[PDB]
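Take a look at the structure below.
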Amino acid sequence: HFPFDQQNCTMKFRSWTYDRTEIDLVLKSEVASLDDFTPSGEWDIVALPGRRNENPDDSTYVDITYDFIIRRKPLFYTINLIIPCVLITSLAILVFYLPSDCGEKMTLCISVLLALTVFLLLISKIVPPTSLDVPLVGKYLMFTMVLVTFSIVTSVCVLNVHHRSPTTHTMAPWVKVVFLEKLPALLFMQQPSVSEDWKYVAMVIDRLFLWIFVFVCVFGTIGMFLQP
Amino acid sequence: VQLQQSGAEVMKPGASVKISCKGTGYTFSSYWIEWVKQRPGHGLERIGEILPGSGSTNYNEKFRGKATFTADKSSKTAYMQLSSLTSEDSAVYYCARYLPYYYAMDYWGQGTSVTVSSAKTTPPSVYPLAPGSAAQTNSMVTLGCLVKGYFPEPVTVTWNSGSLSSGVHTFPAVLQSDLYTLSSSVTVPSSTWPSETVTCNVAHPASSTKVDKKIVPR
Amino acid sequence: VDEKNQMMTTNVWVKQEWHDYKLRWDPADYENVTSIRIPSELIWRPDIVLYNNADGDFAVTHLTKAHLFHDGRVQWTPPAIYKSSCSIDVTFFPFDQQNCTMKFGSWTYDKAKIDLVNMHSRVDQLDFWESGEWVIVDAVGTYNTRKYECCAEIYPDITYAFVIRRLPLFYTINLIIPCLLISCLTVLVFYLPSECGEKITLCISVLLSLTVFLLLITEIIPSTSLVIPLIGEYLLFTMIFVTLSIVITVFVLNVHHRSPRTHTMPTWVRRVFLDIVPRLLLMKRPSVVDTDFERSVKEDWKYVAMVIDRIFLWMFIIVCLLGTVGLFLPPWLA
Amino acid sequence: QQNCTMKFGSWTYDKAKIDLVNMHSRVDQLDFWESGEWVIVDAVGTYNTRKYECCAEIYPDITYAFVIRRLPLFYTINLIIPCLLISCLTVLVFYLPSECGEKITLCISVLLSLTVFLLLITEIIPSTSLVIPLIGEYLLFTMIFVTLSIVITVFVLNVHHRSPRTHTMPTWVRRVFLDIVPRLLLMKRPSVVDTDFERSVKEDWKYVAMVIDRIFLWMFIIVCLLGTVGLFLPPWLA
Amino acid sequence: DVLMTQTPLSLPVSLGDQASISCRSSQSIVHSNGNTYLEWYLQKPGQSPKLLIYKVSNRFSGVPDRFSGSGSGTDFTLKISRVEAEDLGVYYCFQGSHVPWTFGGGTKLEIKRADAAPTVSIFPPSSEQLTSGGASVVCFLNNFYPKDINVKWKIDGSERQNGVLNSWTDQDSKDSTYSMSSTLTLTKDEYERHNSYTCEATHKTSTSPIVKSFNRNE
Ligand SMILES: *[C@@H]1O[C@H](CO)[C@@H](O[C@@H]2O[C@H](CO)[C@@H](O[C@@H]3O[C@H](CO)[C@@H](O)[C@H](O)[C@@H]3O)[C@H](O)[C@H]2NC(C)=O)[C@H](O)[C@H]1NC(C)=O
Ligand SMILES: *[C@@H]1O[C@H](CO)[C@@H](O)[C@H](O)[C@H]1NC(C)=O
Ligand SMILES: *[C@@H]1O[C@H](CO)[C@@H](O)[C@H](O)[C@H]1NC(C)=O
Ligand SMILES: *[C@@H]1O[C@H](CO)[C@@H](O)[C@H](O)[C@H]1NC(C)=O
Ligand SMILES: CC(=O)OCC[N+](C)(C)C
Ligand SMILES: CC(=O)OCC[N+](C)(C)C
Ligand SMILES: [Ca+2]
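Chains as they are written, first to last, in my numbering: chain Z, 21 to 248; chain X, 4 to 221; chain G, 7 to 340; chain C, 2 to 239; chain D, 4 to 221.
In structure tokens, the structure reads:
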């Protein structure tokens, strides 16, 4: 749940000379004293309970363990990591509204992928290199990079379709129906020579994926809202 | 362990009050102090919490801005300040000791009562009530001693030196227009009523008033 | 001064002076010997420690020789490297002024047994080694007494507050000016013609550079949530507006590349963006007639894209100018 | 899975003076603090005795072999999957049309990303020459083939932008790349008769570039699949 | 904010009869440590809440074993095996899992018994009420059970509903029966204008409303 995480860091106190038959560790109070505490500014103290632990199967083991339940203050990492990540992710769907004549689809999608990969690597450098769990922010970034790779492939296909002319390609009837009569009606396009017919087919293809990505990237808040 | 709260408070609308909760017998700085509001009607609402050791505080959205928490480590006391008092802020406020994910709210304060109104210390206006002239007399007859036009609470209505401990129904006080009013009823045999003497011993410690007036038969 | 870790490292001389009633002598009986240097581990010393230690030593560890005088006075001035904690406020970084404190006091002797006296109000700086990054505005020791739950007696302590001011030329040159140069290019994307095929390049480059600079700043300041540096806020708002500019540029490029064979221009769009808005922006389209209908409408779509660009060129300049002065002018004015 | 050892033994007393007994063969883990990055598969101490040229006597020792297995989720997510995502784009440059003016952008970006990731890996692994990581070999081969793709893309772009005013198409080029190869690649050019010689030949040059692209789209798909399977499949099988 | 809902709002159970309060969560309140932090509080009248159960099942030191809790996910229940007079009060839920921590609605526990008929009465205004310039007509509905009671005033055949004073008394102990003291206040000009004042009483024990009226003209 980083950067909205709560840590549980313990402090175990024993005598490394005398066992239970020689000394008995006892707690003066059931919590650690905060009578002269200096607040952190990055971490919040939630609870500092102390517990005296014995071993029923040892009889020579005693320890006093404190649990430091600390809660991170998330404003710093929110501002410096989560807002930039959301800003970059919001650019993942623009490639499907960019006209193919602009000649800049590849630039946009590749830049988005590069930024997401960089943010993923930075997050990796922040958190410990443990394999027990993945940060939800890391999972969301990874899902977005998979989507952006899919978008790069789709944009390559759309660009290939856009630059087709009667002198090089022939439009099969199944295309002339599916992508010029049926689908445009579904997506509320309403088409108003043949070289321009190929241009429209590309326009329909990337309009379809604009809808798909919006639903996937709006239901992608179900994987982000669950964090805070 | 013991949590001691300040006394009852009466304030005018738009003012601000500062309640205090003093904890003794434990590590005061290491336990959260939870503030709970209980309107006279019903319900327990949590205003928020403060950890005296640090300055950390939390507020429930309904009370954000209305309440502010502060703590004094030297004297083991925690304070809550209510701003822009109104009628709905009149309630009983509790302070409790809490350690999240661990020992729960095992110890509570006695509860501080706060009333918001512009009225003054009006004495009681007890109006003894007798049976109506056009009313049948039965074996069992219930008496009536009304008290109204008094402020602030409480008023201890009772009988002469506990003359009739049983069969007494002291109804809760209610605000008619701006002052509190109540009522009472005690069942007594018609045989002993002419002979036995009992009177409603109305009281008003806030006004230092002690007036008693019995009902005469019609 | 470690802003990231919130530690200050200082090289100080801990000047102490007290009286020992057993280390007294009459110099007349010892060839007029008035003072001697003795190891400080042979005698009693006060146990003055640094309360707010962080990553260092609590007590003095060098244990130099103590100067002992014939009347019982003992002067002990050992050196000490201290790494103390201090909260770092980076609201006005790199023009920030920090206030790092050092709390000194005896550890086991209460006020009734050992009492501390300020030798001098101000920390001595005669032998100070100027750093070139910070200047000590003020360094004063304040005597305090207070009670702890540990013990029933009062323990005195002297807290020194080192008010240090940063010299901002280095970070100015190395962070602030490059950030301003990169931000100056935020609004140029709205003057770039849509036929150049380089608007996306420009705005994306600006956004990525601003992100890199934000990460660089983050590598310096502490990870505290109490305050946000003004530079951090400015960079974040600039990134938000650059992302908005990228969205608007994508929309404008989509508008520019429309033709009758793919899109139909609503009559209201023609009305607004070819009569009203161009007039308000002091841009006058030449009165020209094109015989071809496809080329004519294709040219109208191009002009509508220009007008939309011009609308946001004005708005972003206004927002950029108002936002900048509305963020930095008040702090400058005290 | 790493196998890191720890050799223990008395320094100055030989076997006839101090002898070591294995308290327990297995290393104790009752108070082990789980790390979250590795797991101890096996930790067993082996008693050895051997002679050193220093001294005439036998010195016993107990050597502990810590067999530890890396938990791969962290490095999977942070290196492997990004490398695979970048590798998925290796052959896309051959399906981009030459009029888009962004083939170079794509292939160069792929090359630079793979190079950066190879450099990132090099900072983790030791600089030993005995073994080569499989990830390293895969990355190196991908960079080699992406460089080859950049070369082929430059050639194809040069071929696309030719015209009669600067280039003459040999008869054999026309024959091969307009009759034979397009048939074998299952791409059928529409039969269009353009009256203008200059505009017609420019279209022929544009089509010839498309054919050359499609040839290498098939080859690189085959090589990419065969190389990946021929590199990682055998290790995954035992 | 997790919403905690308690049902039933009221649970009448006779002495020695097992009681069961149910408690629902807007969302699962489970925690990673293997424990779900749910607590049950009892607040007798005029007292601060007392902790009964924490972590669903664990019983606070010093509570009778008859109390028992259980549940999981968003479903939790509190069971009282053999109720007793000291068990009377309001039981509250409390989730200590997700910040902020919220309370339950509350479940007022009462004891049921054989239904008792109401004892209706009406008293006309006293002389001092007339002197002060007002009217205090009070209707007493004592010793009626259950709470199925309604009051309606039909002045000379006209039903008046504006300015109605409603006041009810909590359950008693000696007899464990409710009581009602709804009244109405009228001005002298508005008091002498009308002639007939009536106070009906609708109760389950008698479906037909009980009539208790007096006429101003006498
Ligand atoms: C912080 O981490 C510590 C250490 O992992 C957690 O302590 C463990 O908490 C569990 C849950 O309460 C304990 O299990 C329970 O123990 C009680 C008492 O013996 C037993 O009656 C229950 O049946 C259950 O087994 C566990 O013993 C305890 N371990 C230690 C070493 O203290 C702690 O809960 C964590 N706290 C938070 C807020 O995450
Ligand atoms: C003793 O030494 C001091 C200097 O330390 C000097 O001022 C003084 O005159 C000396 N006295 C005698 C008697 O030599
Ligand atoms: C520095 O801090 C000390 C103690 O925290 C305080 O007394 C002093 O006023 C501060 N000075 C400035 C300039 O902030
Ligand atoms: C680990 O190394 C030791 C010593 O080289 C050897 O005896 C053992 O078989 C090895 N185990 C594995 C699993 O490689
Ligand atoms: C007696 C003793 O050792 O006290 C140490 C703590 N201090 C400095 C707050 C009193
Ligand atoms: C005798 C002596 O010091 O031997 C040291 C070397 N060793 C451990 C190989 C025997
Ligand atoms: Ca520094």
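Note that CB positions come from ideal geometry on N, CA and C, so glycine has one too.
Compute the minimum distance between the beta carbon of residue i and the heavy atoms of ligand 1, and state whether it is under 8 Å.
i, result
"Z:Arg71", "yes"
"Z:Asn75", "no"
"X:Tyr104", "yes"
Closer than 8 Å to a non-hydrogen atom of ligand 6 - does that hold for the CB of residue i?
i, result
"C:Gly10", "yes"
"Z:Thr58", "no"
Between residue i and residue j, which are expected to be in contact by the criterion C-beta below 8 Å, what is the C-beta distance as a whole number of angstroms?
i, j, result
"X:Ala70", "X:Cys98", "The Cβ separation is near 12 Å, so there is no contact."
"X:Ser186", "D:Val141", "7 Å"
"residue 256 of chain C", "C:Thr154", "Because chain C spans 2 through 239 in this model, residue 256 of chain C falls outside it and cannot be assessed."
On the DSSP bridge assignment, give the partners of residue i in chain order.
i, result
"X:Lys21", "X:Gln84"
"D:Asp90", "D:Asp90 is not bridged to any residue."
"X:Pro192", "X:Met143"
"Z:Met31", "Z:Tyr86"
"G:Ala72", "G:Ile44"
"G:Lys153", "G:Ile160"
"Z:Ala67", "Z:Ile89"
"D:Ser71", "D:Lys82"
"C:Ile69", "C:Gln3, C:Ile41"
"G:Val258", "Partner(s): none; G:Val258 has no beta bridge."
Look at the Cβ atom of residue i, then the Cβ atom of residue j, and state whether they are nearer than 9 Å.
i, j, result
"C:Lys16", "C:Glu54", "no"
"Z:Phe163", "Z:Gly61", "no"
"G:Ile206", "G:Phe257", "no"
"Z:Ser151", "Z:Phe233", "no"
"D:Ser129", "X:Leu132", "yes"
"residue 2 of chain D", "D:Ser71", "Because chain D spans 4 through 221 in this model, residue 2 of chain D falls outside it and cannot be assessed."
"C:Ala66", "C:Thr123", "no"
"C:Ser11", "C:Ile19", "yes"
"Z:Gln247", "Z:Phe24", "yes"
"X:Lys21", "X:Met108", "no"
"C:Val42", "C:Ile63", "no"
"D:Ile158", "D:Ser185", "no"
"G:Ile49", "G:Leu122", "no"
"X:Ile218", "X:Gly152", "no"
Under the criterion of a Cβ to heavy atom distance below 8 Å, does residue i qualify as lining ligand 2?
i, result
"G:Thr40", "yes"
"residue 353 of chain G", "Since the first residue shown for chain G is 7 and the last is 340, residue 353 of chain G is missing from the structure and cannot be characterised."
Taking only heavy atoms of ligand 4 into account, decide whether any of them is closer than 8 Å to the Cβ of residue i.
i, result
"C:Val68", "yes"
"C:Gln2", "yes"
Any heavy atom of ligand 3 inside 8 Å of the beta-carbon of residue i?
i, result
"G:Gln12", "no"
Using a Cβ-based criterion (distance less than 8 Å to any ligand heavy atom), does residue i qualify as near ligand 7?
i, result
"G:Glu9", "yes"
Can you find a heavy atom of ligand 5 that lies under 8 Å from the Cβ of residue i?
i, result
"X:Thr30", "no"
*For the region 80-112 of chain C, enumerate the residues whose C-beta is nearer than 7 Å to any C-beta of chain Z, in chain order.*
The region 80-112 of chain C vs chain Z, Cβ under 7 Å: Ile82, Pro83, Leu86, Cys89, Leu90, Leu93, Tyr96, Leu97, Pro98, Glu100, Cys101, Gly102, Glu103, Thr106, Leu107, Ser110.
*Near-chain Z residues of the region 52-63 of chain X (beta-carbon distance less than 7 Å), N- to C-terminal order*: Residues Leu54, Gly56, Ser57, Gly58, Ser59.
*Residues of the region 209-231 of chain Z with a CB closer than 8 Å to any CB of chain C: list them in chain order, please.*
Within the region 209-231 of chain Z, contact with chain C at the beta-carbon level (separation under 8 Å) is assigned to no residue.
*Contacting positions in the region 31-54 of chain X - beta carbon closer than 9 Å to chain D*: For the region 31-54 of chain X, the set of residues with a beta-carbon nearer than 9 Å to any beta-carbon of chain D comprises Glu37, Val39, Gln41, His45, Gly46, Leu47, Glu48, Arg49, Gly51, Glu52, in chain order.
*Taking a cut of 9 Å between CB atoms, which residues from the region 49-79 of chain C lie near chain Z?*
Within the region 49-79 of chain C, the residues whose Cβ lies closer than 9 Å to some Cβ of chain Z are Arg71, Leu72, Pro73, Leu74, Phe75, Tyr76, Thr77, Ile78, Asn79, listed in chain order.
_Contact residues within the region 97-127 of chain X, judged by C-beta distance below 8 Å to chain Z_ = Residues passing the 8 Å Cβ filter: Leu102, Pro103, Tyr104, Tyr105, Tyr106.
*Would you list, in chain order, the members of the region 155-177 of chain X that have their beta-carbon closer than 9 Å to a beta-carbon of chain D?*
Answer set for the region 155-177 of chain X: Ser169, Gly170, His172, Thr173, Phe174, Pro175, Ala176, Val177.
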